[PDB]
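Here's the structure, in structure tokens; my notes come after.
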Amino acid sequence: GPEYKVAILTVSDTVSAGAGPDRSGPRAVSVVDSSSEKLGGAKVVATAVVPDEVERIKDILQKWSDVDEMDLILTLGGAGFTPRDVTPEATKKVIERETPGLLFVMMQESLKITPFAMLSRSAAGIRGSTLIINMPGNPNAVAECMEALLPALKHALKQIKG
Amino acid sequence: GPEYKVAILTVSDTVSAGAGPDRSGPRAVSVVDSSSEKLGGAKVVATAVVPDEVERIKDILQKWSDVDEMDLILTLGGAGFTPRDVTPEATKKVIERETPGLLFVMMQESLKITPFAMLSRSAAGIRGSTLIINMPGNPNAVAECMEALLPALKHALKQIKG
Amino acid sequence: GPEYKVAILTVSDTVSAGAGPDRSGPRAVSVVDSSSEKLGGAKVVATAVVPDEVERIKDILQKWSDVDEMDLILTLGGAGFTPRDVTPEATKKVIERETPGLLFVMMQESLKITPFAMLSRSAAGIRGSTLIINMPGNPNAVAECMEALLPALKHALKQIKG
């Protein structure tokens with residue numbers, strides 16, 4: 001069906017333990033769905049929630065990439081200065097080829113909105129033919145980051161296939 | 001009893017040999033005192049001088065992080081193109097979690113003053129609960145960097161903390 | 001002879017298999033010459049063509065740096081999202097000290113021209129006394145990249161020398 005399969009992974013001890021709801025996952029889904037056309041026809045086919053533990057985060061990025069063959073994986077949360085925030089360190093263990101331009105743009109554009117954006121420690125890269133991008137836990141943030149990436153994201157997914 | 005303990009590491013073969021006064025060290029200290037309130041009550045409680053040798057740099061960063069439990073270490077010097085400049089490589093070996101946002105802002109703002117800022121090779125990150133940031137050797141640089149980071153550095157330290 | 005020896009490595013399956021010409025090499029050469037004065041008298045004394053293979057790329061970056069003692073290697077291509085593009089992964093295995101500010105500037109400046117600049121995965125750094133800078137595969141790009149760095153590239157090369 002979908003030209004590009006997208007999966008969104010929410011990282012949060014609080015959500016994962018049933019102690020709270022996921023306010024970022026829906027919005028993330030909603031932004032991808034709303035931009036399907038500019039993304040060359042992409043659709044979120046899976047979401048999941050892990051806690052702030054690297055091995056849990058690694059296993060999913062691995063599975064989604066190697067086995068389910070997702071084309072785009074966004075992570076939400078676990079990428080700030082909190083002691084538990086380990087999303088980037090797990091992300092960095094699984095990508096094969098880094099994509100610093102995407103990080104640069106996310107940081108450049110979100111700084112225009114607030115200096116607290118410098119607290120984002122996001123990683124991004126390519127494993128196999130999957131693009132993986134770390135994004136922040138705030139709901140407003142995915143929208144801000146996806147607006148920033150949108151001009152090039154379709155061309156990026158196109159190039160990873162060839 | 002300061003809320004956040006800051007420590008300042010001067011890196012310079014020259015200074016460490018006694019061949020000259022430390023110019024960067026004290027000024028740096030003076031900047032932090034000056035910004036104490038904006039930093040949520042941070043104060044320098046220790047300095048040290050080392051030469052341009054990775055092992056010595058690693059040892060003090062390690063000991064200040066692991067044993068003295070400093071909240072903020074700023075290195076000054078050893079982060080340019082000169083053959084002996086190895087501060088960032090030392091730093092990279094001791095941090096656990098990178099914080100590229102701090103490098104981006106320092107780099108974005110310093111470029112507005114001069115294109116020679118592109119020669120800063122600063123690294124930065126977190127080891128345990130210690131934030132570590134490489135800053136240049138010029139005395140005026142510390143202050144320009146501190147001004148650039150100041151809007152978010154209070155919120156950074158409070159997040160590391162708990 | 002030349003105050004600074006520059007070498008240009010062109011990375012491309014197509015070019016290396018004699019299935020197409022090098023349109024980037026020549027511009028790169030041309031830009032360096034046209035910029036000899038501002039680079040404190042530099043000159044391209046070698047070029048080569050390798051395919052998209054990490055070992056073939058490392059071998060030359062290693063040889064030019066360690067044996068020929070070049071002072072400035074530029075690479076052209078293999079630094080985007082295509083499956084075969086491994087120039088940056090090659091480059092990172094050989095440099096000893098990274099130079100994130102050259103990357104920050106090349107990205108910042110080229111983003112002003114187009115958002116597809118975010119797809120550049122360039123790396124850059126120093127091995128021995130050799131500056132290594134990745135650049136994109138378009139001919140226009142080397143010129144845009146070199147305009148961004150030229151203000152400081154002289155001081156950089158002078159600082160590596162001693």
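Residue numbering restarts at 1 in every chain; chains get A, B, ... in the order shown in the structure tokens, and ligands count up from 1 in that same order.
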
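Residues within 8 Å of stretch 14-23 of chain C, counting only C-alpha atoms and excluding same-chain residues fewer than 5 positions away, are residues 49, 50, 51, 138 and 139 of chain C.
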
Would you mind exporting C-alpha atoms of the selected residues as a short mmCIF file (atom, residue, chain, number, x, y, z; two decimals), in the first residue's frame?
data_model
loop_
_atom_site.label_atom_id
_atom_site.label_comp_id
_atom_site.auth_asym_id
_atom_site.auth_seq_id
_atom_site.Cartn_x
_atom_site.Cartn_y
_atom_site.Cartn_z
CA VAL C 49 39.41 8.54 -9.05
CA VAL C 50 38.15 5.77 -6.80
CA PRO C 51 34.80 3.95 -6.80
CA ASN C 138 27.94 18.46 -7.95
CA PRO C 139 30.37 20.76 -9.71
#

Counting only C-alpha atoms, give me one row per residue of chain C with an atom at most 10 Å from an atom of chain A, showing the shortest contact pair and its distance in Å to one decimal, sorted by chain then residue number, as a Markdown table.
| residue | atom | partner | partner_atom | distance |
| --- | --- | --- | --- | --- |
| C:79 | CA | A:99 | CA | 9.7 |
| C:80 | CA | A:159 | CA | 8.5 |
| C:81 | CA | A:160 | CA | 5.7 |
| C:82 | CA | A:160 | CA | 5.2 |
| C:83 | CA | A:160 | CA | 5.9 |
| C:84 | CA | A:160 | CA | 9.4 |
| C:85 | CA | A:97 | CA | 9.1 |
| C:86 | CA | A:97 | CA | 7.7 |
| C:88 | CA | A:97 | CA | 8.1 |
| C:89 | CA | A:97 | CA | 6.8 |
| C:103 | CA | A:100 | CA | 9.3 |
| C:104 | CA | A:104 | CA | 8.1 |
| C:107 | CA | A:101 | CA | 7.0 |
| C:108 | CA | A:104 | CA | 8.3 |
| C:111 | CA | A:105 | CA | 8.6 |
| C:114 | CA | A:151 | CA | 9.4 |
| C:115 | CA | A:152 | CA | 6.2 |
| C:116 | CA | A:152 | CA | 5.5 |
| C:117 | CA | A:101 | CA | 7.3 |
| C:118 | CA | A:101 | CA | 4.1 |
| C:119 | CA | A:101 | CA | 5.9 |
| C:120 | CA | A:101 | CA | 6.0 |
| C:121 | CA | A:99 | CA | 5.4 |
| C:122 | CA | A:100 | CA | 8.2 |
| C:123 | CA | A:100 | CA | 9.2 |

Requested write-out: N, CA and C atoms of the selected residues, as a PDB file, in the first residue's frame:
ATOM      1  N   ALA C  79      28.973  11.206  -0.445  1.00  0.00           N
ATOM      2  CA  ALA C  79      28.600  11.709   0.863  1.00  0.00           C
ATOM      3  C   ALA C  79      27.129  12.078   0.966  1.00  0.00           C
ATOM      4  N   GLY C  80      26.259  11.484   0.155  1.00  0.00           N
ATOM      5  CA  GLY C  80      24.816  11.666   0.291  1.00  0.00           C
ATOM      6  C   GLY C  80      24.076  10.416   0.769  1.00  0.00           C
ATOM      7  N   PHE C  81      22.759  10.368   0.553  1.00  0.00           N
ATOM      8  CA  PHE C  81      21.927   9.269   1.091  1.00  0.00           C
ATOM      9  C   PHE C  81      21.881   7.965   0.256  1.00  0.00           C
ATOM     10  N   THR C  82      22.521   7.940  -0.915  1.00  0.00           N
ATOM     11  CA  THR C  82      22.525   6.744  -1.776  1.00  0.00           C
ATOM     12  C   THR C  82      23.163   5.554  -1.066  1.00  0.00           C
ATOM     13  N   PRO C  83      22.651   4.341  -1.256  1.00  0.00           N
ATOM     14  CA  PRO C  83      23.189   3.172  -0.526  1.00  0.00           C
ATOM     15  C   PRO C  83      24.699   3.017  -0.619  1.00  0.00           C
ATOM     16  N   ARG C  84      25.248   3.354  -1.777  1.00  0.00           N
ATOM     17  CA  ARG C  84      26.668   3.177  -2.020  1.00  0.00           C
ATOM     18  C   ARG C  84      27.558   4.265  -1.407  1.00  0.00           C
ATOM     19  N   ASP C  85      26.994   5.428  -1.076  1.00  0.00           N
ATOM     20  CA  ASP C  85      27.753   6.588  -0.596  1.00  0.00           C
ATOM     21  C   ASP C  85      28.428   6.362   0.752  1.00  0.00           C
ATOM     22  N   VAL C  86      29.711   6.024   0.763  1.00  0.00           N
ATOM     23  CA  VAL C  86      30.378   5.695   2.023  1.00  0.00           C
ATOM     24  C   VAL C  86      31.595   6.570   2.312  1.00  0.00           C
ATOM     25  N   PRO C  88      32.059   9.480   3.747  1.00  0.00           N
ATOM     26  CA  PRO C  88      32.193   9.937   5.128  1.00  0.00           C
ATOM     27  C   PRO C  88      32.564   8.792   6.082  1.00  0.00           C
ATOM     28  N   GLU C  89      31.991   7.614   5.925  1.00  0.00           N
ATOM     29  CA  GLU C  89      32.365   6.499   6.803  1.00  0.00           C
ATOM     30  C   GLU C  89      33.864   6.177   6.628  1.00  0.00           C
ATOM     31  N   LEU C 103      32.444  21.742   8.901  1.00  0.00           N
ATOM     32  CA  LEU C 103      31.195  21.099   8.521  1.00  0.00           C
ATOM     33  C   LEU C 103      30.056  22.029   8.826  1.00  0.00           C
ATOM     34  N   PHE C 104      30.162  22.750   9.920  1.00  0.00           N
ATOM     35  CA  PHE C 104      29.059  23.594  10.316  1.00  0.00           C
ATOM     36  C   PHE C 104      28.902  24.703   9.275  1.00  0.00           C
ATOM     37  N   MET C 107      27.576  23.509   5.713  1.00  0.00           N
ATOM     38  CA  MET C 107      26.164  23.229   5.846  1.00  0.00           C
ATOM     39  C   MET C 107      25.409  24.555   5.939  1.00  0.00           C
ATOM     40  N   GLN C 108      25.700  25.379   6.933  1.00  0.00           N
ATOM     41  CA  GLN C 108      25.020  26.673   7.083  1.00  0.00           C
ATOM     42  C   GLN C 108      24.914  27.475   5.769  1.00  0.00           C
ATOM     43  N   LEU C 111      22.821  25.728   2.979  1.00  0.00           N
ATOM     44  CA  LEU C 111      21.378  25.681   3.248  1.00  0.00           C
ATOM     45  C   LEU C 111      20.683  26.919   2.693  1.00  0.00           C
ATOM     46  N   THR C 114      19.855  26.019  -0.891  1.00  0.00           N
ATOM     47  CA  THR C 114      18.798  25.004  -1.038  1.00  0.00           C
ATOM     48  C   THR C 114      18.670  24.059   0.155  1.00  0.00           C
ATOM     49  N   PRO C 115      17.440  23.613   0.437  1.00  0.00           N
ATOM     50  CA  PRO C 115      17.188  22.741   1.587  1.00  0.00           C
ATOM     51  C   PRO C 115      17.719  21.338   1.354  1.00  0.00           C
ATOM     52  N   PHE C 116      18.008  20.979   0.109  1.00  0.00           N
ATOM     53  CA  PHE C 116      18.616  19.679  -0.207  1.00  0.00           C
ATOM     54  C   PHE C 116      20.081  19.604   0.221  1.00  0.00           C
ATOM     55  N   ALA C 117      20.640  20.725   0.637  1.00  0.00           N
ATOM     56  CA  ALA C 117      21.924  20.692   1.317  1.00  0.00           C
ATOM     57  C   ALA C 117      21.880  19.795   2.586  1.00  0.00           C
ATOM     58  N   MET C 118      20.734  19.692   3.265  1.00  0.00           N
ATOM     59  CA  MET C 118      20.605  18.853   4.473  1.00  0.00           C
ATOM     60  C   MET C 118      20.897  17.358   4.235  1.00  0.00           C
ATOM     61  N   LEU C 119      20.877  16.955   2.974  1.00  0.00           N
ATOM     62  CA  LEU C 119      21.218  15.581   2.620  1.00  0.00           C
ATOM     63  C   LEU C 119      22.702  15.352   2.503  1.00  0.00           C
ATOM     64  N   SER C 120      23.525  16.369   2.743  1.00  0.00           N
ATOM     65  CA  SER C 120      24.969  16.155   2.694  1.00  0.00           C
ATOM     66  C   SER C 120      25.396  15.500   4.018  1.00  0.00           C
ATOM     67  N   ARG C 121      26.115  14.384   3.942  1.00  0.00           N
ATOM     68  CA  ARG C 121      26.682  13.743   5.141  1.00  0.00           C
ATOM     69  C   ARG C 121      28.199  13.972   5.286  1.00  0.00           C
ATOM     70  N   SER C 122      28.693  15.075   4.759  1.00  0.00           N
ATOM     71  CA  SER C 122      30.134  15.314   4.822  1.00  0.00           C
ATOM     72  C   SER C 122      30.785  15.130   6.214  1.00  0.00           C
ATOM     73  N   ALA C 123      31.969  14.542   6.227  1.00  0.00           N
ATOM     74  CA  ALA C 123      32.872  14.613   7.389  1.00  0.00           C
ATOM     75  C   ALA C 123      34.121  15.434   7.041  1.00  0.00           C
TER      76      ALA C 123
END

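Note that atom CA of residue B:3 and atom CA of residue B:38 are 12.2 Å apart.
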
Subject >> Atomic distance atom CA of residue B:142 - atom CA of residue B:26, expressed in Å with one decimal >> reply: 10.8 Å

**OP:** Considering only C-alpha atoms, state which residue in the set B:146, B:94, B:42, B:113 is at the smallest distance from residue B:61.
**Re:**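 For residue B:61, the nearest of the candidates is B:94.
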
Original post:
Which residues come within 8 Å of residue C:132, counting only C-alpha atoms, excluding same-chain residues fewer than 2 positions away, as a count of residues only?
Top reply: 12

Subject >> Contacts of residue B:34 at 12 Å (only C-alpha atoms; same-chain gap of 6+ positions) as a PyMOL selection string >> reply: chain B and resi 27-28+40-44+143+146-147+150

Prev. selection, N, CA and C atoms, output as a PDB file, in the first residue's frame:
ATOM      1  N   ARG B  27      39.940  35.104  34.331  1.00  0.00           N
ATOM      2  CA  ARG B  27      38.853  35.765  33.631  1.00  0.00           C
ATOM      3  C   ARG B  27      37.669  34.822  33.616  1.00  0.00           C
ATOM      4  N   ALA B  28      37.917  33.542  33.316  1.00  0.00           N
ATOM      5  CA  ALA B  28      36.837  32.556  33.210  1.00  0.00           C
ATOM      6  C   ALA B  28      36.068  32.503  34.494  1.00  0.00           C
ATOM      7  N   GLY B  40      21.427  29.886  38.034  1.00  0.00           N
ATOM      8  CA  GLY B  40      20.773  29.186  39.128  1.00  0.00           C
ATOM      9  C   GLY B  40      21.619  28.976  40.377  1.00  0.00           C
ATOM     10  N   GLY B  41      22.621  29.833  40.560  1.00  0.00           N
ATOM     11  CA  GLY B  41      23.470  29.807  41.735  1.00  0.00           C
ATOM     12  C   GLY B  41      24.691  28.932  41.556  1.00  0.00           C
ATOM     13  N   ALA B  42      25.424  29.129  40.468  1.00  0.00           N
ATOM     14  CA  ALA B  42      26.628  28.349  40.207  1.00  0.00           C
ATOM     15  C   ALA B  42      27.862  29.162  40.544  1.00  0.00           C
ATOM     16  N   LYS B  43      28.887  28.502  41.059  1.00  0.00           N
ATOM     17  CA  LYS B  43      30.136  29.159  41.399  1.00  0.00           C
ATOM     18  C   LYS B  43      31.284  28.223  41.191  1.00  0.00           C
ATOM     19  N   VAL B  44      32.398  28.774  40.709  1.00  0.00           N
ATOM     20  CA  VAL B  44      33.640  28.026  40.590  1.00  0.00           C
ATOM     21  C   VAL B  44      34.163  27.654  41.953  1.00  0.00           C
ATOM     22  N   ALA B 143      33.798  34.419  27.645  1.00  0.00           N
ATOM     23  CA  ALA B 143      32.661  35.289  27.926  1.00  0.00           C
ATOM     24  C   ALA B 143      31.627  35.279  26.800  1.00  0.00           C
ATOM     25  N   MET B 146      29.904  32.053  26.994  1.00  0.00           N
ATOM     26  CA  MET B 146      29.052  31.950  28.159  1.00  0.00           C
ATOM     27  C   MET B 146      27.770  32.708  27.878  1.00  0.00           C
ATOM     28  N   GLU B 147      27.891  33.864  27.231  1.00  0.00           N
ATOM     29  CA  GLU B 147      26.742  34.654  26.804  1.00  0.00           C
ATOM     30  C   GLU B 147      25.850  33.833  25.856  1.00  0.00           C
ATOM     31  N   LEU B 150      24.169  30.915  28.041  1.00  0.00           N
ATOM     32  CA  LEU B 150      23.551  31.323  29.307  1.00  0.00           C
ATOM     33  C   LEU B 150      22.040  31.172  29.374  1.00  0.00           C
TER      34      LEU B 150
END

**OP:** Would you return as number ranges by chain the members of chain B that DSSP assigns to helix (DSSP H, G or I) on this structure's backbone?
**Re:** B: 13-17, 24-35, 54-66, 87-94, 100-111, 115-119, 139-161
